[PDB]
Chemist: 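Got a structure here, written out as structure tokens. Questions coming.
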Amino acid sequence: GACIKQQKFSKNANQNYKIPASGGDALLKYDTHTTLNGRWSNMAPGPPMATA
Amino acid sequence: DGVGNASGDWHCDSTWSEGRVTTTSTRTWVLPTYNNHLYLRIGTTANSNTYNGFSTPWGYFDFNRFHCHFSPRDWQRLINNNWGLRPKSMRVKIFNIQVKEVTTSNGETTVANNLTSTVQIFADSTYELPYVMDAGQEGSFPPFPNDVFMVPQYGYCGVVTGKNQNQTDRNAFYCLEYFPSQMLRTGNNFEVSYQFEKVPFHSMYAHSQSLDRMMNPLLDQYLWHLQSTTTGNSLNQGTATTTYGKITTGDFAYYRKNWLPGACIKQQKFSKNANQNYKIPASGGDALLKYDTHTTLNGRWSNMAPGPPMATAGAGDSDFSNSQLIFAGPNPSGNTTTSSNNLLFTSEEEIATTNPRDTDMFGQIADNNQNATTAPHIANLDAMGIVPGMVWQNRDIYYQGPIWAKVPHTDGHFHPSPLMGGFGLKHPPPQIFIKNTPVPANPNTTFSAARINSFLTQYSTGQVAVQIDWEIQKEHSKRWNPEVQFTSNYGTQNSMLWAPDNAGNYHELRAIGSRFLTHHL
Amino acid sequence: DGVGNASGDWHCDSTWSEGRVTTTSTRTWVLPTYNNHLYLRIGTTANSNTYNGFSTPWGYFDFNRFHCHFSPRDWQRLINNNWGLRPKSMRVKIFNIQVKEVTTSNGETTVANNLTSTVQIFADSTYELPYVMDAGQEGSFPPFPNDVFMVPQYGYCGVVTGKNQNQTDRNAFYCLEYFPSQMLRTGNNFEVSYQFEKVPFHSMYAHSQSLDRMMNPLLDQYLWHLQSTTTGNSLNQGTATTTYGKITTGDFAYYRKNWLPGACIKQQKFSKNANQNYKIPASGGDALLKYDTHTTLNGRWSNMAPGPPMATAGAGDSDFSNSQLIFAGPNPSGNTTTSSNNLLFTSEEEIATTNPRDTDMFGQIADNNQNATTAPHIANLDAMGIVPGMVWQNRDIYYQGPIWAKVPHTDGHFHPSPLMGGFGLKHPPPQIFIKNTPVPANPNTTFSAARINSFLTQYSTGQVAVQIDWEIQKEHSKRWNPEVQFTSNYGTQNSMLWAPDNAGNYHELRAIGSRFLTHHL
Amino acid sequence: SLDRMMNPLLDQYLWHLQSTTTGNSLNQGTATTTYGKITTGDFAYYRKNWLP
Amino acid sequence: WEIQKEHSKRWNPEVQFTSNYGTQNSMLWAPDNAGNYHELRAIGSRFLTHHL
Amino acid sequence: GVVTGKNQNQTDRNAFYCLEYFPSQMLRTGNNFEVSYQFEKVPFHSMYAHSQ
Amino acid sequence: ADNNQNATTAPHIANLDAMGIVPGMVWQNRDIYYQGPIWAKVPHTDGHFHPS
Amino acid sequence: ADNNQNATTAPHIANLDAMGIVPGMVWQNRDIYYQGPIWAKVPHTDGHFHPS
Ligand SMILES: Nc1ncnc2c1ncn2[C@H]1C[C@H](O)[C@@H](COP(=O)(O)O)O1
Ligand SMILES: Nc1ncnc2c1ncn2[C@H]1C[C@H](O)[C@@H](COP(=O)(O)O)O1
């Protein structure tokens with residue numbers, strides 16, 4: 001089936017890059033997202049895909 | 001019946017009822033002789049523009065454009081009061097036929113009636129000939145009932161193999177004198193009926209909600225998400241902590257959703273201001289066909305216009321793309337102009353609620369799996385096809401726009417809505433073909449087996465009436481506040497719009513969509 | 001009915017069903033005045049070419065050629081899927097008639113309708129007039145339905161006595177104004193029906209066996225023959241011994257057989273390469289009429305072409321004979337060419353299984369009774385008539401070829417299949433005759449008993465439709481491997497075949513037989 | 001062909017941007033928005049109802 | 001098997017599947033000297049044409 | 001088959017016939033086969049010699 | 001495959017991170033959960049794909 | 001088109017090597033072959049697209 005790649009995160013804090021919650025570079029920026037009319041929407045859960 | 005008896009009447013009317021409207025249009029046509037009674041194979045080998053085919057002595061009627069069947073006031077009644085539209089049924093008459101002999105003697109032309117000449121007519125109800133009526137082309141009736149129009153010449157195209165025009169063994173030739181046809185003198189008349197296959201209503205409304213805002217603004221989700229991988233406001237700094245949080249009211253970008261916006265193919269954007277555009281020539285190695293988003297069949301480049309439905313700029317905005325259909329007013333002369341003020345721009349901006357912008361993107365995607373030593377990277381999604389869970393909105397119909405298209409005959413198609421707008425039809429309204437029957441000139445008195453190349457010069461005139469039954473859904477909505485309506489806002493005018501001018505010219509100075517009323521997702 | 005009412009419609013169609021096909025063809029015709037309203041006796045005394053007869057003001061319709069009734073695609077459906085063909089029934093209509101006055105005043109010609117003028121039509125269903133329609137001549141409808149054709153002038157021939165044209169008391173004159181005829185103004189129309197007499201199907205197949213190989217290759221005969229009169233490999237040497245042997249498998253020339261190949265008359269062979277031919281002039285004491293196989297009636301020489309059915313060279317071979325019919329393409333100009341590439345050659349090679357070659361011989365025959373002192377001598381059989389036990393195969397029908405011929409009215413005939421191909425008919429489809437009725441000019445106001453020599457100049461036009469019901473035998477065969485089919489192999493073409501060209505000209509660049517599928521003896 | 005489905009003899013009533021500059025060369029000439037009708041004979045620029 | 005018969009107003013001849021193999025030592029689609037039956041070609045179903 | 005000239009090589013007109021392609025009755029030791037046939041009307045053979 | 005390789009050109013591959021639906025795909029929808037939503041309302045729009 | 005050009009930005013194009021289905025596409029299925037499979041079983045799954 002179809003796929004849209006999704007960003008992967010670890011439940012172990014040390015294995016993640018350091019991404020802040022808000023700012024110019026925020027986690028909304030790095031998650032796969034869609035754009036309606038200029039706005040960013042988190043693509044969650046998105047199209048059906050196998051996961052961990 | 002006879003020479004002194006009219007075979008039809010003039011009927012132009014619109015009958016309105018709740019759930020139904022019937023339009024009828026009558027026009028006067030003139031049919032010349034095309035190709036001097038000959039079939040001619042045509043083509044040129046011009047890179048992407050390579051074509052081949054045949055032009056025929058025949059001509060045909062196309063009413064396929066909306067303003068044929070509606071007055072500007074009838075179009076207003078339709079779009080202000082109704083959510084939906086679709087044709088039920090059709091019938092066409094051709095009558096009051098007049099064939100004319102034209103003679104040149106002293107250098108001036110005289111015209112007389114030829115009472116025994118015939119015109120040939122057949123409707124192709126079985127679709128055995130290439131269907132050209134849906135191509136978005138000239139030859140449709142004029143929008144103004146007093147105008148007289150010339151019947152367009154019929155022709156078709158073949159398979160193009162590569163960038164060379166030369167035919168292969170798969171190319172087909174179609175002789176129209178090979179179809180049974182009714183022959184008509186001045187007393188005779190022609191008639192045909194048609195039933196539209198059931199098709200979804202067009203949506204004459206715009207959404208009053210956004211696809212991503214469909215939720216309740218007052219409530220939290222019971223879903224949870226990762227808020228951040230670190231403390232602080234800065235990237236690659238702070239302490240590494242996985243911070244999970246509930247998805248609270250007020251942050252609506254992070255809400256989980258059941259639906260996605262529709263498909264997108266990014267389109268190149270241009271400014272109506274000449275100074276804000278890069279300099280791209282019309283032809284050359286680097287041309288504008290190269291820079292527009294385009295598709296490739298068999299090596300050839302085709303402009304992707306208008307393309308899949310996407311939100312676009314407003315009709316008054318500076319920027320525009322090939323996703324917008326462009327109409328012209330009277331002001332340009334010579335099929336070229338340097339000013340956008342002479343042109344009628346169309347806007348799909350209404351669908352910005354469920355459709356991605358034509359010039360922007362579908363979204364942005366994660367390229368890689370980040371880790372402690374790897375920073376996250378994102379790329380743009382310029383073109384994204386359809387995935388399960390997308391919902392979109394089709395292009396709007398326009399008063400100057402096409403009513404229907406023929407769904408290609410192929411063993412697959414997806415969401416068969418025509419991209420220039422209107423009603424996709426597996427069996428569209430038939431093409432009605434007409435030609436003047438050849439009348440030989442004075443022959444030689446010794447037999448020759450060569451074909452007759454010498455002909456009396458003739459043309460025919462008459463009237464054609466088209467009646468269509470339309471089914472309409474009346475708006476029923478609990479919206480408290482007033483809707484947007486289509487109105488005359490034009491103000492004080494020297495010459496009022498939608499009427500003839502001083503010189504008797506009737507022009508259309510605006511492009512009118514069908515989407516005014518609103519409906520919630 | 002009336003001047004402003006069409007008396008017919010255009011019908012060109014083919015309706016296919018299992019066991020049956022119905023073709024219909026409509027054309028536009030123009031009829032001039034022939035011989036200035038006069039009968040004229042014609043003839044010249046030219047050796048073998050001596051003729052006499054009459055030309056008439058009348059003209060006639062002949063559809064007798066196959067491409068009149070079939071499109072190239074309909075011909076393909078027929079010959080690929082079917083073993084056999086034959087016409088069941090026919091009907092003809094003539095309608096939408098227009099008579100034209102033509103006037104010359106200042107040196108330019110003007111044309112007007114003459115509404116009260118008539119045209120005369122009768123079909124000769126009783127065959128009382130000489131039947132010229134089967135002669136393989138021009139005047140048949142064009143193969144392409146958009147072409148307009150001139151109606152051919154009617155004329156006939158008498159008895160030629162010797163090489164002088166002078167008539168004797170046996171010569172007959174035929175006045176066609178002596179037959180009842182229907183007179184038609186512009187509102188009137190004509191119609192006639194015809195039933196074909198039962199006739200054998202044409203064979204649209206070629207044999208997949210040879211007449212001499214019909215046996216079982218694995219088995220011996222129980223018959224015995226004389227193998228040799230002497231020991232050794234050399235003639236007139238060795239010991240004289242009568243050596244008899246059984247006829248073993250593997251020597252199939254010596255097998256006894258139930259059947260013989262068909263009749264033969266040897267034909268002179270010519271090369272398409274000019275250097276490989278002996279130099280034979282067109283006219284003179286020694287001319288090419290002298291060297292071709294020919295027959296003699298009453299002192300006159302007639303080319304035997306095509307002659308009795310015989311196998312011949314392939315259409316692409318260098319050699320050819322008069323057994324092959326030749327058609328032309330457009331390329332020659334002036335009824336003469338030096339190049340065979342402009343010509344369409346026909347091949348009977350398919351019948352090489354049961355028919356002797358046209359240019360070779362039937363076989364060789366023993367002249368004498370040999371003995372110990374007499375060596376055996378053989379002669380060629382160039383012409384051998386029919387003996388009991390022969391089986392043969394008729395000439396093939398061609399898409400450009402004649403459909404039928406009239407069996408001569410005589411008290412004997414043998415195997416009445418027309419030698420140019422098609423269906424021999426004792427009562428063929430009737431000839432339909434048409435002429436413009438004379439309209440006198442301004443007469444003198446004093447009575448004169450001289451006949452009126454002064455006439456308004458006129459011609460007529462109209463449409464003619466012909467419908468034929470054909471009966472077809474569908475191929476049923478247990479052959480495992482694929483058949484040969486008629487296909488478009490033409491490849492990549494600048495102008496595709498079987499279609500009009502740039503200038504609107506429709507030409508036939510190939511000659512298409514009916515024999516593709518195979519059948520075993 | 002999917003892209004040739006039209007009538008070769010007729011123009012569209014649609015209009016498009018032909019060029020952003022005068023001349024045959026990229027990044028050269030005078031900057032002008034040149035709009036034109038879509039004429040018969042240039043079939044790459046025809047608007048279409050269907051895609052491959 | 002249910003089959004739809006071709007009905008088309010095409011004037012000129014179609015492409016057909018034919019034996020074009022010519023003169024062969026051992027004819028195709030038949031057993032050979034040793035009695036072996038082989039398939040030396042791949043045959044599609046698409047010969048006739050139809051307009052979009 | 002057809003012999004073309006004095007060479008045996010087949011052409012495209014040669015036919016192959018598989019007899020396992022005809023419906024056939026299969027018989028074990030208890031089974032039997034039967035068929036009937038009617039001659040078409042044909043002239044008598046002349047079993048006499050002429051006495052004139 | 002990004003490119004057409006040849007004797008002088010090495011083959012190059014790229015990742016497909018997002019691929020939409022092509023003819024012949026088959027997939028499986030997300031599972032329902034005891035804590036999860038039972039239904040959703042299909043948006044009112046003139047197109048939707050696989051409205052799960 | 002990758003980017004939005006402007007007076008200071010030249011237009012850039014990229015190839016579409018893989019493009020999924022958008023509304024308005026029409027295509028044609030693979031041909032059947034005399035040596036080819038007649039049918040396949042549609043997988044048992046809760047979605048499939050154009051199950052040819
Ligand atoms: N214009 C046009 N013609 C034909 N088929 C179309 C068209 N637009 C969409 N569709 C197809 C695809 C939609 O999901 C479906 C709607 O059917 P319904 O249940 O009626 O809403 O019909
Ligand atoms: N073209 C044509 N017209 C008329 N008679 C013909 C023709 N060809 C052959 N014959 C005659 C001579 C044949 O032996 C016989 C076949 O009749 P059957 O029993 O029908 O096969 O009919």
Side-chain angles (χ1 to χ4, degrees), chain B residues 83-87 134 196-203 262-263 308-309 386 388 390-397 401-410 412-429 471 473 514, chain C residues 83-87 134 196-203 262-263 308-309 386 388 390-397 401-410 412-429 471 473 514, chain D residues 49-50, chain F residues 40-41, chain G residues 42-51, chain H residues 21-26 49-50:
Chain B
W83 276 347
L85 179 65
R86 63 176 183 185
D134 56 353
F196 287 89
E197 62 189 344
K198 185 172 178 289
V199 67
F201 291 93
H202 179 64
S203 64
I386 285 172
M390 288 181 178
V391 300
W392 62 92
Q393 188 63 251
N394 289 335
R395 182 178 295 275
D396 189 5
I397 63 171
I403 299 171
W404 61 86
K406 181 179 178 180
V407 178
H409 184 67
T410 57
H413 55 75
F414 178 76
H415 193 276
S417 179
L419 294 175
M420 291 186 284
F423 292 133
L425 298 174
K426 180 181 170 62
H427 303 293
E471 184 177 2
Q473 291 178 336
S514 63
Chain C
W83 276 347
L85 179 65
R86 63 176 183 185
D134 56 353
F196 287 89
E197 62 189 344
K198 185 172 178 289
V199 67
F201 291 93
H202 179 64
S203 64
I386 285 172
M390 288 181 178
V391 300
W392 62 92
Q393 188 63 251
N394 289 335
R395 182 178 295 275
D396 189 5
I397 63 171
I403 299 171
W404 61 86
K406 181 179 178 180
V407 178
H409 184 67
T410 57
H413 55 75
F414 178 76
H415 193 276
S417 179
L419 294 175
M420 292 186 284
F423 292 133
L425 298 174
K426 180 181 170 61
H427 304 293
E471 184 177 2
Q473 291 178 336
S514 63
Chain D
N49 292 130
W50 305 107
Chain F
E40 62 189 344
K41 185 172 178 289
Chain G
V42 178
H44 184 67
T45 57
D46 61 11
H48 55 75
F49 178 76
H50 193 276
Chain H
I21 285 172
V22 297
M25 288 181 178
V26 300
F49 178 76
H50 193 276

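We count ligands from 1, going down the list as the structure has it; atoms in each ligand are counted the same way. The figures here come from the full heavy-atom set of this structure, side chains too, leaving out hydrogens, waters and symmetry mates. We name chains A, B, ... by the order of the sequence lines, and we start the count at 1 in each one.
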Chemist: Can you check whether B:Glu471's main-chain N or O pairs, donor with acceptor, with B:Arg86's side chain at less than 3.5 Å?
Modeler: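 No, the answer is negative, given that no donor and acceptor are paired below the 3.5 Å cut-off.
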
Chemist: Please indicate, with yes or no, if any protein heavy atom is found under 4.0 Å from atom 5 (N) of ligand 2?
Modeler: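 Yes, at least one protein heavy atom sits under 4.0 Å from atom 5 (N) of ligand 2.
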
Chemist: Could you find the nearest protein heavy atom to atom 13 (C) of ligand 1 and give me its residue, atom name and distance?
Modeler: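 Minimum-distance protein heavy atom for atom 13 (C) of ligand 1 reads B:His415 CD2, 4.0 Å.
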
Chemist: Among B:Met390, B:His413, B:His415, exactly one meets side chain to side chain contact (heavy atoms under 4.5 Å, CB included) together with H:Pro23. Which residue is that?
Modeler: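 Passing option: B:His415.
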
Chemist: Establish whether atom 19 (O) of ligand 1 and some protein heavy atom are separated by less than 4.0 angstrom.
Modeler: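 It does not; no protein heavy atom is within 4.0 Å.
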
Chemist: Indicate yes or no for a side-chain donor-acceptor contact from C:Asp134 to the backbone of C:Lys406 under 3.5 Å, with no hydrogens or angles considered.
Modeler: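 Answer holds: yes.
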
Chemist: Please check this pair: side chain of C:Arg395 against backbone of C:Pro309, looking for a donor-acceptor N/O pair closer than 3.5 Å.
Modeler: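 No: the side chain of C:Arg395 does not pair with the backbone of C:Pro309.
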
Chemist: Counting heavy atoms only, name the option from C:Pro416, C:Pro418, C:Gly422 that's nearest to atom 11 (C) of ligand 2.
Modeler: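 Shortest heavy-atom distance from atom 11 (C) of ligand 2: C:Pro416.
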
Chemist: So, for atom 9 (C) of ligand 2, does the protein have a heavy atom nearer than 4.0 Å?
Modeler: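 Yes, at least one protein heavy atom sits under 4.0 Å from atom 9 (C) of ligand 2.
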
Chemist: Any luck finding a side-chain donor-acceptor pair between C:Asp396 and C:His202 under 3.5 Å?
Modeler: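 There is such a pair between these side chains.
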
Chemist: Given C:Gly424, C:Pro200, C:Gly421, which one has a non-hydrogen atom that is nearest to atom 1 (N) of ligand 2?
Modeler: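 Answer by nearest heavy atom: C:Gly424.
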
